[PDB]
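A.B. asks: The structure follows.
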Amino acid sequence: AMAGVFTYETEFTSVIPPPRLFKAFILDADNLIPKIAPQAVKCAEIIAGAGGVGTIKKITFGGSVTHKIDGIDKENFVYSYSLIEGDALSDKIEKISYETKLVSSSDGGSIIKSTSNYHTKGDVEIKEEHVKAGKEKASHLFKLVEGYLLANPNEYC
């Protein structure tokens, strides 16, 4: 049965510049996300690793997923991870690999460049509705982080 990759690319915009945005939303995600969205996470636990590349994290929602860290680039503001266990995975979708890149905008903020790679087996049936519902949920989480950082200008400086 046919192996393939379905790639979906999207961009979000922030008034926050890449260094502060990467420090708060990516590097302190385990602490910042439950502070801003308490109803979103029940408990996030490290299975293996020290917090860098190769770390295995279990995540429970207020639903259970297992992520593996693939890449962290503290200078170029690039973060990579993989969904290696969850309800989204099946015989059709064997894995989901993500990449987030923070680029500086003309305004002085960020362009958040997100890539989703669905690793597929056999016939490919991917619904626009499901992809778009996940985009809206990601967009909302990013806007809560943005709000919190604008309200707390000394934090993650």
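Simple scheme: letters A, B, ... for chains in structure tokens order, numbers from 1 for residues in each chain, numbers from 1 for ligands in the order shown.
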Please provide as an MDAnalysis selection string all residues within 7 Å of residue 118 of chain A, with the sequence filter that same-chain residues fewer than 5 positions apart are discarded (counting only C-alpha atoms).
C.D. replies: chainID A and resid 5:7 93 95:97
A.B. asks: Limited to N, CA, C and O atoms, could you put the picked residues into a file as a PDB file, in the first residue's frame?
C.D. replies:
```pdb
ATOM      1  N   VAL A   5       2.755  11.788   1.572  1.00  0.00           N
ATOM      2  CA  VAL A   5       2.751  12.890   2.524  1.00  0.00           C
ATOM      3  C   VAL A   5       1.751  13.985   2.076  1.00  0.00           C
ATOM      4  O   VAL A   5       1.924  14.577   1.008  1.00  0.00           O
ATOM      5  N   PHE A   6       0.754  14.291   2.915  1.00  0.00           N
ATOM      6  CA  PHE A   6      -0.120  15.431   2.657  1.00  0.00           C
ATOM      7  C   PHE A   6       0.359  16.607   3.511  1.00  0.00           C
ATOM      8  O   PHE A   6       0.367  16.513   4.741  1.00  0.00           O
ATOM      9  N   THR A   7       0.777  17.699   2.844  1.00  0.00           N
ATOM     10  CA  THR A   7       1.304  18.905   3.473  1.00  0.00           C
ATOM     11  C   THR A   7       0.335  20.085   3.361  1.00  0.00           C
ATOM     12  O   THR A   7      -0.159  20.398   2.268  1.00  0.00           O
ATOM     13  N   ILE A  93      -3.559   7.260   8.549  1.00  0.00           N
ATOM     14  CA  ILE A  93      -2.664   8.346   8.991  1.00  0.00           C
ATOM     15  C   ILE A  93      -1.711   7.785  10.035  1.00  0.00           C
ATOM     16  O   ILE A  93      -2.049   7.758  11.215  1.00  0.00           O
ATOM     17  N   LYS A  95       1.299   8.973  11.068  1.00  0.00           N
ATOM     18  CA  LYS A  95       2.027   9.999  11.834  1.00  0.00           C
ATOM     19  C   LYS A  95       1.704  11.409  11.343  1.00  0.00           C
ATOM     20  O   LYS A  95       1.373  11.587  10.173  1.00  0.00           O
ATOM     21  N   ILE A  96       1.822  12.418  12.234  1.00  0.00           N
ATOM     22  CA  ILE A  96       1.687  13.831  11.869  1.00  0.00           C
ATOM     23  C   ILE A  96       2.926  14.597  12.348  1.00  0.00           C
ATOM     24  O   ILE A  96       3.191  14.587  13.541  1.00  0.00           O
ATOM     25  N   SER A  97       3.700  15.212  11.423  1.00  0.00           N
ATOM     26  CA  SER A  97       4.922  15.999  11.704  1.00  0.00           C
ATOM     27  C   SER A  97       4.646  17.469  11.471  1.00  0.00           C
ATOM     28  O   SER A  97       4.116  17.852  10.424  1.00  0.00           O
TER      29      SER A  97
END
```
A.B. asks: Going by DSSP on the backbone, which residues of segment 7-112 of chain A come out as alpha helix (DSSP H)? List them as a list in words.
C.D. replies: residues 18, 19, 20, 21, 29, 30, 31, 32, 33, 34, 35 and 36 of chain A
A.B. asks: Would you kindly return, as an MDAnalysis selection string, each protein, DNA or RNA residue with an atom no farther than 9 Å from any atom of residue 55 of chain A, considering only C-alpha atoms and excluding same-chain residues fewer than 2 positions away?
C.D. replies: chainID A and resid 46:53 57 67:70
A.B. asks: Could the residues in this selection be written to a file with N, CA, C and O atoms, as a short mmCIF file (atom, residue, chain, number, x, y, z; two decimals), in the first residue's frame?
C.D. replies:
```cif
data_model
loop_
_atom_site.label_atom_id
_atom_site.label_comp_id
_atom_site.auth_asym_id
_atom_site.auth_seq_id
_atom_site.Cartn_x
_atom_site.Cartn_y
_atom_site.Cartn_z
N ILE A 46 6.53 14.54 31.00
CA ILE A 46 7.69 14.10 30.23
C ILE A 46 7.99 12.63 30.52
O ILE A 46 8.34 12.28 31.64
N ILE A 47 7.84 11.79 29.49
CA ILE A 47 8.05 10.34 29.48
C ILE A 47 9.55 10.04 29.41
O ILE A 47 10.04 9.18 30.15
N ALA A 48 10.28 10.72 28.51
CA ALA A 48 11.72 10.59 28.29
C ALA A 48 12.30 11.92 27.82
O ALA A 48 11.57 12.73 27.24
N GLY A 49 13.59 12.13 28.08
CA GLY A 49 14.31 13.33 27.66
C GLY A 49 14.37 14.45 28.68
O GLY A 49 13.65 14.42 29.69
N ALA A 50 15.23 15.45 28.40
CA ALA A 50 15.49 16.59 29.28
C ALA A 50 14.82 17.91 28.86
O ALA A 50 15.06 18.95 29.50
N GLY A 51 13.98 17.86 27.83
CA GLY A 51 13.28 19.04 27.34
C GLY A 51 13.71 19.51 25.97
O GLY A 51 13.07 20.39 25.40
N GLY A 52 14.80 18.93 25.45
CA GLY A 52 15.32 19.24 24.12
C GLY A 52 14.86 18.26 23.06
O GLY A 52 13.83 17.60 23.23
N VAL A 53 15.61 18.17 21.95
CA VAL A 53 15.34 17.27 20.82
C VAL A 53 15.36 15.80 21.28
O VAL A 53 16.30 15.40 21.97
N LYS A 57 6.60 13.66 25.29
CA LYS A 57 5.63 14.27 26.20
C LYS A 57 4.24 13.70 26.00
O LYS A 57 3.76 13.66 24.86
N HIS A 67 3.56 13.49 22.03
CA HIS A 67 4.42 14.23 21.12
C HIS A 67 5.87 13.86 21.36
O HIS A 67 6.25 13.51 22.47
N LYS A 68 6.67 13.97 20.31
CA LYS A 68 8.11 13.77 20.31
C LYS A 68 8.72 15.07 19.72
O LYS A 68 8.22 15.55 18.70
N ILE A 69 9.76 15.64 20.38
CA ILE A 69 10.41 16.85 19.87
C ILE A 69 11.41 16.42 18.80
O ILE A 69 12.28 15.59 19.08
N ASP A 70 11.26 16.97 17.58
CA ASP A 70 12.12 16.67 16.43
C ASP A 70 13.23 17.72 16.23
O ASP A 70 14.32 17.36 15.83
#
```
A.B. asks: For residue 25 of chain A, which residue among A:94, A:125, A:119, A:79 is the nearest when counting only C-alpha atoms?
C.D. replies: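 Answer, going by the shortest atom-to-atom distance: A:79.
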A.B. asks: Counting only C-alpha atoms, which residue out of A:82, A:39, A:110, A:31 sits closest to residue 19 of chain A?
C.D. replies: A:110
A.B. asks: Can you pull out every residue within 9 Å of residue 108 of chain A, counting only C-alpha atoms, but drop anything in the same chain fewer than 5 positions away, and send it as a list in words?
C.D. replies: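 Listed by chain and then number, they are residues 15, 16 and 17 of chain A.
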A.B. asks: In terms of the shortest atom-to-atom distance over only C-alpha atoms, which of A:76, A:120, A:14, A:90 is closest to residue 1 of chain A?
C.D. replies: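 For residue 1 of chain A, the nearest of the given residues is A:120.
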A.B. asks: For residue 152 of chain A, work out the shell of residues within 12 Å, counting only C-alpha atoms and skipping chain neighbours fewer than 6 positions away, then give it as a ChimeraX atom specification.
C.D. replies: /A:16,20,24,145-146
A.B. asks: Mind dumping the selected residues with N, CA, C and O atoms as a CSV table (one decimal), in the first residue's frame?
C.D. replies:
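Done, and the output landed in again-v8.csv:
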```csv
chain,number,residue,atom,x,y,z
A,16,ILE,N,3.9,40.8,18.3
A,16,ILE,CA,5.0,40.4,19.1
A,16,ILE,C,6.2,40.0,18.2
A,16,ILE,O,6.0,39.2,17.3
A,20,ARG,N,10.8,37.2,21.6
A,20,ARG,CA,9.9,37.1,22.8
A,20,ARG,C,8.8,36.1,22.5
A,20,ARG,O,8.5,35.3,23.5
A,24,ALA,N,8.3,32.6,25.0
A,24,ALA,CA,7.0,32.4,25.7
A,24,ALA,C,6.2,31.2,25.2
A,24,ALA,O,5.9,30.3,26.0
A,145,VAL,N,-2.1,34.0,23.9
A,145,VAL,CA,-0.7,34.2,24.2
A,145,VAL,C,-0.3,35.7,23.9
A,145,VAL,O,0.3,36.3,24.7
A,146,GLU,N,-0.7,36.2,22.7
A,146,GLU,CA,-0.5,37.5,22.2
A,146,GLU,C,-1.0,38.6,23.2
A,146,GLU,O,-0.3,39.5,23.6
```
